[PDB]
Novice: 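So that we are looking at the same thing, I have put the structure below in structure tokens.
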Amino acid sequence: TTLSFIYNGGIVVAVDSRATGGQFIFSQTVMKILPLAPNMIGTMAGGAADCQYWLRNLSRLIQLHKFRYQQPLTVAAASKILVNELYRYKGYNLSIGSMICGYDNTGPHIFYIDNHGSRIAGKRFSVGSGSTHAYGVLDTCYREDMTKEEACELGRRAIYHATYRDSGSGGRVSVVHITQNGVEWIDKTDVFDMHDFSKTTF
Amino acid sequence: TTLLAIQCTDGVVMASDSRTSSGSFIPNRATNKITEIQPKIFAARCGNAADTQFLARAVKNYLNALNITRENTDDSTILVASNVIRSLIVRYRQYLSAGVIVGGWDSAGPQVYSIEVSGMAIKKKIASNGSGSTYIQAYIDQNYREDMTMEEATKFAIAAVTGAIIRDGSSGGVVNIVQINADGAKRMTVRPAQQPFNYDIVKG
Amino acid sequence: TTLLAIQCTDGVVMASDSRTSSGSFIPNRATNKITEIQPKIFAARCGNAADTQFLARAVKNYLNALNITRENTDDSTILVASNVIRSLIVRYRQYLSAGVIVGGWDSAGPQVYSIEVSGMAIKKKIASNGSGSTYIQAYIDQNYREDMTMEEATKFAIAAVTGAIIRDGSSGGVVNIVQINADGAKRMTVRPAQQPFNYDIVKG
Amino acid sequence: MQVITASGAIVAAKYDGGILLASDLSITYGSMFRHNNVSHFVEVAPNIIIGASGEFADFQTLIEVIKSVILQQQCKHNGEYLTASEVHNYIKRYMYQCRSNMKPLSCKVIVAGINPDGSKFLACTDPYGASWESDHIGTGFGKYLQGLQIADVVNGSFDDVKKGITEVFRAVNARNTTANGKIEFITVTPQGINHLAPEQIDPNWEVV
Amino acid sequence: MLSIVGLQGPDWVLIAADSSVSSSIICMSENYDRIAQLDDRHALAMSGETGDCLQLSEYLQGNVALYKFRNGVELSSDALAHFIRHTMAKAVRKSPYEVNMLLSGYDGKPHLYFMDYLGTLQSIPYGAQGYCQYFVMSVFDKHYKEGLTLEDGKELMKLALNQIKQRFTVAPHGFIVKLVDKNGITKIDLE
Amino acid sequence: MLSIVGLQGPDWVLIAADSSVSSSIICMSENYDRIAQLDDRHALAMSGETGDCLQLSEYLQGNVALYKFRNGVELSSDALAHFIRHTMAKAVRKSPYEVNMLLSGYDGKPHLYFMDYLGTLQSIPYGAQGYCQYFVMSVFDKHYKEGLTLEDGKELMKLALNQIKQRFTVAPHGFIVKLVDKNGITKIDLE
Amino acid sequence: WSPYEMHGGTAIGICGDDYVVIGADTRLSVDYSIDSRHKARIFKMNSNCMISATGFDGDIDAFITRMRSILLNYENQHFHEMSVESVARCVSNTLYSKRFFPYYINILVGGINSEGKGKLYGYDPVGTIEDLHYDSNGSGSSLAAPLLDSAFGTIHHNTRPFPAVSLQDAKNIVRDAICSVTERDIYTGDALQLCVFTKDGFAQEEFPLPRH
Amino acid sequence: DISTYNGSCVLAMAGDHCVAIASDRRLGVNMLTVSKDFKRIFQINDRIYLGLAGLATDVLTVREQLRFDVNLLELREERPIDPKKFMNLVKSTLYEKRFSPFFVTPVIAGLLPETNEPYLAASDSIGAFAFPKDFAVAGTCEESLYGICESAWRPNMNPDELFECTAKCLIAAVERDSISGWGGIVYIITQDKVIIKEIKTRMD
Amino acid sequence: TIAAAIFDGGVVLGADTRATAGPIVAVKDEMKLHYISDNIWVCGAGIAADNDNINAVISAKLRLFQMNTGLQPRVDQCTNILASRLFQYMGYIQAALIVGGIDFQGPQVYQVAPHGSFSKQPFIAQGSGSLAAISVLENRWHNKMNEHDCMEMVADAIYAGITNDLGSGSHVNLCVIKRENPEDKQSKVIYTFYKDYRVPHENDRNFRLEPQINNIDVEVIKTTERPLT
Ligand SMILES: *C(=O)[C@H]1N[C@](C)(CO)[C@](C)([C@H](Cc2ccccc2)NC(=O)[C@H](Cc2c[nH]c3ccccc23)NC(=O)[C@H](Cc2c[nH]c3ccccc23)NC(=O)CCCCC)O[C@@H]1C
Ligand SMILES: *C(=O)[C@H]1N[C@](C)(CO)[C@](C)([C@H](Cc2ccccc2)NC(=O)[C@H](Cc2c[nH]c3ccccc23)NC(=O)[C@H](Cc2c[nH]c3ccccc23)NC(=O)CCCCC)O[C@@H]1C
């Protein structure tokens, strides 16, 4: 489970950290947020190798454009670069579900990109097996006028509930808070610590 | 597998290899593929060892059933054995993959019946079956004589099964011979050392 | 198909049937399966007629290419023909389903090379190929002699191909014989009337 | 990985004086005993022999490739042959390249040689290009019908390793359908490659 | 794989089901009741082929009625849940009932049972069958308080059903929601 | 197979498209614009894989712009429709664009083109790609008068889109409707 | 026809504050058959790192040859040996270069960085890179992974600091895990190549394992 | 797959005159967590507990069929079923469905009636029972449990230490199995009491 | 790996003790040699439950036969019943059995394939390690070998399978069916089962981290105790 939502305070991107091949948890510490530019990250969902390689390659392309041209590369631009690179491998069975999130001259932007070539702008996205659960948390608890702490907690809790209800989601919620002032890596919080064991319903 | 039943003037010579093949592995290299249905009824078995052994078991059962209501136990027993094997191969055509040369001696004298895997029962004086029999077809054609005695037919059957053994991977080991005359059946084993020729006839 | 190339002391005898089979239909019952690559290089062809004819065509092309840069046109031509057929069968292993016995005479004397459908080229004094050759394997083993002359090898090859013809549905018709000695190649056709035996050897 | 014309089992095992390889001289077309007196081993260098179990057409292709490469390096090195290690490395690379091109050589290839440093080198590349160096290698039913007969005597006296290989090939002749003919033995020693007289290794037929 | 949701409360169970029945890509009806009231106390929300859910509902309701008439007593919510699970397990061994159910019940105490087509019986505080279980669970998880008031429970069920409507691609035109409590089963409208 | 509808009028074309984009069973967005404005005059509603519709839209819009810049003139609605059909036919021969489109245009005269993924180009008075063509056609057929007023056309498009919403099982959360007329392409809200 | 053999064998890496211990069984086996009993699947790559590989042996050799050539190119074109971080990135890129014809091999890049710290990287066949402190690969990865999780509890509490063990405690954890995997994994055994990369460099031990 | 449809993790363990049987509490529908209150361990009798790892469907089907059988056997014999006798009952129940197996693997943790000796009996889905003296493992976490317990298990664990490894050795396994976990429950059956400790595993 | 050979005065069956749950050793001390009657034992390869149940069923059939009829079960009788049962299941009951026993017809070793084929052979090896075992049996078995020679040969065949086959491992169990008096062929057929006849030391767990490092902290949500009654 990855998720990213724009609220009045900026972009909150919360990802789980579980890499699960089949039913076996290969990792619980995998980094599913990749910083692409000082003010822009990319999330990883799908093929771990595909997501990380192609977000790394998008970072390389963004750096190449940055050094080549004075014109800053927007989040829309990074998303379009990534979706064109992925469509170049259309039919190659790539598996990237990413959110290119970040701040550019026009403000906050989240673009959900996938290997299928989809590139959807939005204020609220969740990718991965637990995306439905993170959506259940976000669409319900999301408010535009949240505090930074409230928004980070919203993303953290959406990822935590996705991890609880999704076998493919787990580990630690890495929460990043992108603003016009750059990508702030809020923290990694073990979803084990987030679980309320006082509650017995779940 | 190689099976070669020769109905001679003085008896029946049922030769076979002894190689059971599981792929390229020989789980049984001393396989007795000629099953004794009755003291003078034998079933040379080709195909799935389970299927052909079930056929031998079931034809023993059917020949005992044939004898429930009669006292001429020695009448039409080879022919009934062939008919029963045919009926079982046809009835279990989906399940059984088995061809049986039922040869031997009964009141009607020496008889060989080849029941093909299809369930085609045919009375033959020279019946051959199995993957190895293929390699010896021309050999049989040029070396089988209708006038062969049980001794001559035994020598010829050993030579033919040895050729099939040499050329067929599925055929190998000893030549199991059964000579069934009116007096009964004599079993012989021609081990590779006693066989008329070996691999060295290949290209030479 | 039946192919039987015998490298004798005084030449090479390449026998074959003449039956091209399209299922149970014989589109060509007078098939010449022994293709003349060169006056003294012949390719007995087994498998897809298209594939084996392409192999013969391509080995003629490769033997002419071999002779572009040399004047000893008669040197290693059978061996090069076998190597080329092997290379083509391996290279077109997916496409070509063809085994060629390239036999004949060159500066190195009489040579037979069996290139199996796998692309395995082996120099043989007695090479056999095709579905019919199977039926004559034991026959060949018990009737081939390394000392056979081209006449004796021709008689034996006619008999063996006739046995394969009789027993193999895919083999039939005439026996196409090619006798290649230093002086050249002589083609003979043993029509069923002239063949040593016919269907009547089957069970008799 | 199609094996129509197959070379049968190979059993190579190091003994004090070299590597003793053993294999029947039969090529089998399917289950048929098709060709006889076909050495499954090819001497590619004075102290490097190569055998293969499986598709003998692929073994011939590989031997042609190995010989071309050895000839190229002999031209480069004034007739000096590639070492058994180098030959096996090239075979590994070639067979892995063929498995990666999806046209694998359907032959488990044994390289038995004496390196210039005098070290016995017995290695094997499977049809997939997976390769390994061992003191004894079985290919085909020489691997499966092997037990501890070779492992218990590998690097022992020539008589002990010969006896163990003979036990393995008695098992092969008894229990391998494609096993036909005498088992040729080949000693790759620092003094060269010696083709010992092929032996008819007979299964115990008193079992019947 | 139609959306059925369940939300057990301290003394009630809100059992919602996709009220729209479709024939392939055509929404045939929009008020289709997929919550079969097996008893005055038990509503079985069903998710699956309409014609297998109908047959299973008829069989289960007829057997509950047969138990009540043959034996003067009624089946407990646990007893009815285990009878349904027995039916589903027998079927899956023989001919699976491709119907995933939420058995809400009130036999003096609220009960909600996840009941997959195989025969997986599990008492749950809340649950769902269909793809809505991927959308509603977190909602419930994030918003289910122990001892919910019936109105808080209705708000929570509305939250889950709106989550289905807003985020589930195959979004039901609407839901039929029934309250199963000491007063029996009553179709309640979440507004 | 997303729902795109088109309704050509006497001097306008109402081109609607499923505005909701989904990732499998998840509705990712609800305002997704599937009507790519290739030009100030042409809006191409697209129905298919979001990532193939986006790429085809980018290629077609870039080629329309390239034609307009390289050649001072703009492509006609017929010319652009045939260029799109040429692209789709080349693709289907080589690598099909799995995108069924409705090209609405106004090059001085309203145009609406059915354009299947194969390269089936057909001028239409109204049409649809996706499964909505099974639901909207009759509506249009039963209610399209020659010489519709733009408001009657908006009512008719609302009728067709409500037919999709009410009767199509996979009902879009909403539609983005654009008016293509002498004033260009304007996102109009059907209310 | 699958171009792999899925040989098996288990590798277990454990990074420490100044060491990386990768212990891999040396068994080269497939389809209930042991091709080799001593096929080292851990390779000293340079003075900074080693690569343990499990999976298809042909792919292991191809990838290790490619990585050795890449590291040699790096050492020639940079005059210093590739760092464990650079080798880890190269392993990721090399595995992904065959993304659609993968090296069906799981890689552990265990080395010492310029800071003297033990860096362990786990990979999947297609080149996912996890900068981890312990990992398991191969047929017995499922068997060994809970063992390392117990030894370190990192999975249990993933935000707590990695409880790094002594070099000998890591060696013993790897040995015990390989012994357990050998007891339960049929494709793991015949020996344990226990390689340790420290500031001192690459140090390899061989430990007998059950050969059944 | 249907065996991993309901992620399971059952772990019996032998101590000093005490057994443990722990299970993950998750009921998951493939990757979806339905419940954290799923019961996979069932008291068969005072000194027999059955942890059923696998299809929750088959978990309840086999638990209730075994309860049927054990209740009938204890009514007829008026004595509790012995751990070995219950193991044979489970084997019979699972092999009765040999051709349509339950997708559940049992783990019987009991104390032998007389000596209070730990009795572990793990089987496959069709009743092939192992009788480990150290630990029995079952469920989708099977390999994980095997490794952790093979390293961790020590002889003569008292109920406290036995619970400690059951809990730790189960936590390690479930936390590597994505579909199993969401809490654990360990039944420590000692000679005189059963301690059911609900242990905190990861809930992701 | 299971095997069985005939020596002069009886039969030596043998089996490894590994049972595999796919690629993982499910059981390390599994019993594959199963008593059928005092004179017949059956080692078994294949599906563990199939072997266990087929052997138990035929053992029960022959126990009933001996109780009612009073007759010693015959090795060929056991083999016929096993072959018929395995044939009626068309190989679904994957029990590749070796029936080794003694009756009035001396010592007999039969194999029964899962599909119901059977065969009397002086020595047989079945299972995944059957080829490694059968190499040993081929090179070592001879007519009228003695009890100890056949014990060592069959144990070495099982050990060959253990070493070479991954599906075979752990210990070598043997059973020796003989007659209580070798001189008398009417003397009682006894069986001596050598559990762990070979326990290969190189196959033992060489290392064990006795102070098991463990950083998983067990937190108990709830503890409830009940009397064991
Ligand atoms: C939301 O709920 C989360 N779901 C999970 C499944 C994340 O674990 C995904 C979708 C996640 C994306 C991701 C991104 C970055 C790092 C890790 C993970 N997916 C995975 O973890 C995948 C699951 C998977 C398995 N097979 C496929 C096929 C297509 C798409 C997705 C998958 N896991 C992986 O990709 C494996 C990661 C990994 C790391 N170390 C490993 C060692 C051994 C095996 C696997 C390892 N890699 C592979 O499966 C490679 C297989 C190559 C075969 C030739 O994330 C969101 C947030
Ligand atoms: C030498 O060659 C030895 N090989 C191994 C594999 C024995 O370890 C066999 C063949 C052996 C026979 C055997 C006989 C009696 C008891 C145990 C073992 N086979 C097995 O152990 C089998 C292997 C197997 C699995 N599937 C097939 C199909 C055809 C042939 C062979 C096999 N293993 C099993 O049957 C599993 C046993 C098992 C799994 N988990 C367990 C937990 C606790 C106890 C036992 C467990 N079971 C399964 O795989 C499930 C099958 C379900 C079928 C519907 O023996 C010779 C001597």
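Order of the sequence lines fixes the chain letters, A, B, ..., with proteins taken first and strands second; residue numbering starts at 1 for each chain. In listed order, ligands and their atoms are each counted from 1. Heavy atoms only: backbone and side chains are in, while hydrogens, waters and symmetry mates are out.
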Novice: Identify the two heavy atoms, one from H/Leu94 and one from H/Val104, that lie closest to each other, and give their separation to 0.1 Å.
Specialist: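 Taking H/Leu94 first and H/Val104 second, the nearest heavy atoms are CD2-CG1, 4.3 Å.
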
Novice: Pick whichever of A/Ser126, A/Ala14, A/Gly46 has a heavy atom sitting closest to atom 10 (C) of ligand 1.
Specialist: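 Among A/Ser126, A/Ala14, A/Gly46, the closest heavy atom to atom 10 (C) of ligand 1 comes from A/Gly46.
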
Novice: Find all atoms of ligand 2 within a distance of less than 4.0 Å from any non-hydrogen atom belonging to I/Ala21, and give their numbers and elements.
Specialist: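 Within the 4.0 Å cut-off of I/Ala21, ligand 2 contributes 39 (C), 40 (N).
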
Novice: Would you say the side-chain atoms of I/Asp165 pair up with the backbone N or O of I/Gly129, donor to acceptor, closer than 3.5 Å?
Specialist: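 Here the side-chain-to-backbone pair exists.
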
Novice: Quick one: does ligand 2 sit under 4.0 Å from the side chain of I/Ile2, the backbone, both or neither, non-hydrogen atoms only?
Specialist: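 Near ligand 2, I/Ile2 shows its backbone as well as its side chain.
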
Novice: Within a distance under 4.0 Å of any heavy atom of A/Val30, pick out the atoms of ligand 1 and give their elements.
Specialist: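 Atoms satisfying the 4.0 Å criterion: 16 (C), 17 (C).
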
Novice: Heavy-atom distances under 4.0 Å decide this one: backbone, side chain, both or neither, for I/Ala26 against ligand 2?
Specialist: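 Answer for I/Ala26: side chain.
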
Novice: Applying a 4.0 Å heavy-atom criterion (strictly less than), which segment of G/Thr128 is in contact with ligand 1: side chain, backbone, both, or neither?
Specialist: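 The answer is the side chain of G/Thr128.
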
Novice: For atom 49 (O) of ligand 2, what is the nearest protein heavy atom, given as residue, atom name and distance?
Specialist: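 The protein heavy atom lying closest is I/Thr20 O, 4.1 Å.
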
Novice: Tell me, please: is I/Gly44 in heavy-atom contact with ligand 2, that is, under 4.0 Å?
Specialist: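 Yes, I/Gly44 has a heavy atom closer than 4.0 Å to ligand 2.
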
Novice: Verify whether one side chain among I/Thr1 and I/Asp16 offers a donor that lies under 3.5 Å from an acceptor in the other.
Specialist: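 No, no side-chain donor-acceptor pair sits under 3.5 Å.
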
Novice: Please report whether atom 26 (N) of ligand 1 has a protein non-hydrogen atom at a separation of less than 4.0 Å.
Specialist: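 Answer no: nothing from the protein, no heavy atom, is under 4.0 Å.
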
Novice: For atom 29 (C) of ligand 2, which protein heavy atom lies nearest, and how many Å away is it?
Specialist: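 Ranking protein heavy atoms by distance from atom 29 (C) of ligand 2, first comes I/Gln94 OE1, 2.9 Å.
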
Novice: With G/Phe63, which of G/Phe56, G/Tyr96, G/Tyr103 fulfils ring pair (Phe, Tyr, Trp, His ring centres under 6.0 Å)?
Specialist: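 Only one of G/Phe56, G/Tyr96, G/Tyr103 forms a ring pair (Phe, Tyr, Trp, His ring centres under 6.0 Å) with G/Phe63, namely G/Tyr103.
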
Novice: Any non-hydrogen atom of A/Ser27 lying under 4.0 Å from ligand 1?
Specialist: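 The answer is no: ligand 1 sits nowhere under 4.0 Å from a heavy atom of A/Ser27.
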
Novice: For I/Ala48, is at least one N or O under 3.5 Å away from an N or O on ligand 2?
Specialist: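 Yes: some nitrogen or oxygen of I/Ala48 is under 3.5 Å from one in ligand 2.
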
Novice: Does the G/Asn158 side chain pair with the main chain of A/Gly171, one donor and one acceptor, at a distance under 3.5 Å?
Specialist: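 Here the side-chain-to-backbone pair exists.
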
Novice: How many angstroms lie between CD1 in G/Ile12 and OG in G/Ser52, if you round to the nearest 0.5 Å?
Specialist: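 Separation between the atoms: 9.5 Å.
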
Novice: Closest approach of I/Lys28 and G/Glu183, non-hydrogen atoms and distance?
Specialist: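 The answer is CD-O, 3.6 Å.
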
Novice: At their closest point, which heavy atom of D/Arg175 faces which heavy atom of B/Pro27, and how far apart are they?
Specialist: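 In this case the closest contact between D/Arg175 and B/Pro27 is NH1-O, 2.8 Å.
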
Novice: Kindly indicate whether a cation-pi arrangement holds for I/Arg198 with I/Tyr159, taking the cut-offs as under 6.0 Å to the six-membered ring centre and within 45° of the axis.
Specialist: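 No, I/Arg198 does not sit over the ring of I/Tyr159.
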
Novice: Given G/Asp124, G/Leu95, A/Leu94, which one has a non-hydrogen atom that is nearest to atom 46 (C) of ligand 1?
Specialist: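 It is G/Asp124 whose heavy atom sits nearest to atom 46 (C) of ligand 1.
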
Novice: Measuring from E/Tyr134:OH to F/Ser24:OG, what's the distance to the nearest 0.5 Å?
Specialist: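 Spacing of OH (E/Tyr134) from OG (F/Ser24) equals 10.5 Å.
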
Novice: For ligand 2, indicate whether the residue I/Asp52 contacts it via side chain, backbone, both or neither (heavy-atom separation under 4.0 Å).
Specialist: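 Answer for I/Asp52: neither.
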
Novice: Write out the residue and atom name of the closest protein heavy atom to atom 5 (C) of ligand 2, then the distance separating them to 0.1 Å.
Specialist: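 It is I/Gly167 O, 3.3 Å.
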
Novice: Step by step, work out the side-chain contact (heavy atoms from CB on, under 4.5 Å) result for I/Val42 and I/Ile58.
Specialist: CA-CA 10 Å; I/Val42 175; I/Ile58 266 64; 5.7 Å; no

Novice: Strictly inside 4.0 angstrom of atom 42 (C) of ligand 1, do you find any protein heavy atom?
Specialist: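 For atom 42 (C) of ligand 1 the answer is yes, since some protein heavy atom falls inside 4.0 Å.
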
Novice: Quick one about H/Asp1 and A/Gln23 (side-chain donor to acceptor, distance below 3.5 Å, no hydrogens or angles considered), yes or no?
Specialist: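 Side chains of A/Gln23 and H/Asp1: no pair found under 3.5 Å.
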
Novice: A/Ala162 near ligand 1, heavy-atom distance under 4.0 Å?
Specialist: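 No; A/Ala162 lies far enough from ligand 1 that no heavy-atom distance drops under 4.0 Å.
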
Novice: Does any N or O atom in A/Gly21 lie less than 3.5 angstrom from one in ligand 1, N or O only?
Specialist: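 A/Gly21 vs ligand 1: no N/O contact under 3.5 Å.
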
Novice: Provide the number and element of each atom of ligand 1 under 4.0 Å from a heavy atom of A/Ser169.
Specialist: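 Within the 4.0 Å cut-off of A/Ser169, ligand 1 contributes 1 (C), 2 (O), 3 (C).
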
Novice: What do you reckon, does G/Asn137 have a nitrogen or oxygen under 3.5 Å from a nitrogen or oxygen of ligand 1?
Specialist: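 No, since none of the N or O atoms of G/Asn137 sits under 3.5 Å from an N or O of ligand 1.
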
Novice: Taking only heavy atoms of I/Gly129 into account, list the atoms of ligand 2 that are under 4.0 Å away from them.
Specialist: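 Ligand 2 atoms under the 4.0 Å threshold to I/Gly129: 1 (C), 2 (O).
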
Novice: Considering only the protein, which heavy-atom contact is closest to atom 1 (C) of ligand 2, and what is its distance?
Specialist: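 Checked against all protein heavy atoms, atom 1 (C) of ligand 2 sits closest to I/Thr1 N, 1.4 Å.
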
Novice: Is it the side chain (CB and beyond), the backbone, both or neither of I/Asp16 that lies under 4.0 Å from ligand 2, heavy atoms counted?
Specialist: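 Near ligand 2, I/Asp16 shows its side chain, while the N, CA, C and O stay back.
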
Novice: In the protein, what heavy atom is nearest to atom 28 (C) of ligand 2, and what distance, to one decimal place, separates them?
Specialist: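 Going atom by atom, the protein heavy atom closest to atom 28 (C) of ligand 2 ends up being I/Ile47 CG1, 3.4 Å.
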
Novice: With under 30° as parallel and over 60° as perpendicular, where do the rings of A/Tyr89 and A/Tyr92 fit, or are they tilted in between?
Specialist: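 Perpendicular, since the angle between the ring planes exceeds 60°.
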
Novice: Less than 2.5 angstrom apart at the SG atoms, yes or no, for I/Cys175 and I/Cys43?
Specialist: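 Not so, these two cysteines form no disulfide.
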
Novice: Suppose I only count heavy atoms of I/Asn51 and a 4.0 Å limit; which atoms of ligand 2 are within that range?
Specialist: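 Once the distances to I/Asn51 are compared, the set is 12 (C), 13 (C), 14 (C), 15 (C).
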
Novice: What distance do I/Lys32 atom NZ and I/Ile158 atom CD1 have between them, rounded to the nearest 0.5 Å?
Specialist: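 It comes to 8.5 Å.
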
Novice: Looking only at heavy atoms, what is the nearest atom pair of G/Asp185 and G/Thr10, with distance?
Specialist: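 Scanning both residues completely, I find the closest heavy atoms to be OD2-OG1, 3.5 Å.
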
Novice: Work out whether the distance between some heavy atom of G/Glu130 and some atom of ligand 1 is less than 4.0 Å.
Specialist: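 Distance cut 4.0 Å: G/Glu130 fails for ligand 1.
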
Novice: Please could you name the atoms of ligand 1 that A/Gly47 approaches to less than 4.0 Å, counting only its heavy atoms?
Specialist: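 Result: 30 (C), 31 (C), 35 (O).
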
Novice: At what distance is the nearest protein heavy atom to atom 6 (C) of ligand 1, and which residue and atom is it?
Specialist: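 Ranked first by proximity to atom 6 (C) of ligand 1 is A/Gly168 O, 3.7 Å.
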
Novice: Would you indicate which of I/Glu30, H/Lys97, H/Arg98 comes nearest to atom 16 (C) of ligand 2 when only heavy atoms are counted?
Specialist: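 Shortest heavy-atom distance from atom 16 (C) of ligand 2: I/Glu30.
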
Novice: For atom 3 (C) of ligand 1, what is the closest protein heavy atom, and at what distance to 0.1 Å?
Specialist: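 Nearest protein contact, heavy atoms only, for atom 3 (C) of ligand 1 is A/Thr1 N, 2.1 Å.
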
Novice: May I ask you to identify the nearest protein heavy atom to atom 52 (C) of ligand 2, giving residue, atom name and distance to one decimal place in Å?
Specialist: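 The closest one turns out to be H/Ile126 CD1, 3.5 Å.
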
Novice: Please find the pair of heavy atoms, one from A/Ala162 and one from A/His133, that lie closest to each other, and give the distance.
Specialist: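 Heavy atoms only, the tightest pair is CA-CB, 3.5 Å.
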
Novice: For atom 45 (C) of ligand 2, which protein heavy atom lies nearest, and how many Å away is it?
Specialist: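 Looking only at protein heavy atoms, the one closest to atom 45 (C) of ligand 2 is H/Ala128 O, 2.9 Å.
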
Novice: Report yes or no: does H/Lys97 contribute a side-chain atom to a donor-acceptor pair with the main-chain N or O of H/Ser100 at less than 3.5 Å?
Specialist: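 Pair absent, no side-chain N/O of H/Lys97 close to backbone of H/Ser100.
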
Novice: Do G/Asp149 and G/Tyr134 have side-chain atoms, one donor and one acceptor, less than 3.5 Å apart?
Specialist: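 Short answer, yes.
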
Novice: Can a non-hydrogen atom of A/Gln52 be found less than 4.0 Å from any atom of ligand 1?
Specialist: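 No, A/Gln52 has no heavy atoms under 4.0 Å from ligand 1.
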
Novice: Going by heavy-atom distance to atom 9 (C) of ligand 2, choose the closest among I/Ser128, I/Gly46, H/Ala130, I/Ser170.
Specialist: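 The nearest heavy atom belongs to I/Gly46.
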
Novice: Please confirm whether A/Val15 comes under 4.0 Å of ligand 1, counting heavy atoms of the residue only.
Specialist: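 Distance cut 4.0 Å: A/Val15 fails for ligand 1.
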
Novice: Taking all atoms of both residues into account, what is the closest heavy-atom pair of H/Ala128 and H/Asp124, and its distance?
Specialist: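 What the structure gives for the nearest pair is N-OD1, 2.6 Å.
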
Novice: To which protein heavy atom is atom 8 (O) of ligand 2 closest, and what is the distance rounded to 0.1 Å?
Specialist: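 The protein heavy atom lying closest is I/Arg18 O, 1.8 Å.
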
Novice: Quick check: does A/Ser129 get an N/O under 3.5 Å from an N/O on ligand 1?
Specialist: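 Looking only at distances, the answer is yes, because the N/O contact criterion of under 3.5 Å is met.
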
Novice: Any side-chain heavy atom of I/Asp156 within less than 4.5 Å of one from I/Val172?
Specialist: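 No; the side chains remain at least 4.5 Å from each other.
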
Novice: I'd like to know if H/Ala122 contacts ligand 2, where contact means a heavy-atom distance under 4.0 Å to any ligand atom.
Specialist: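 Checking ligand 2 against H/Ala122, which is what was asked, there is a heavy-atom contact under 4.0 Å.
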
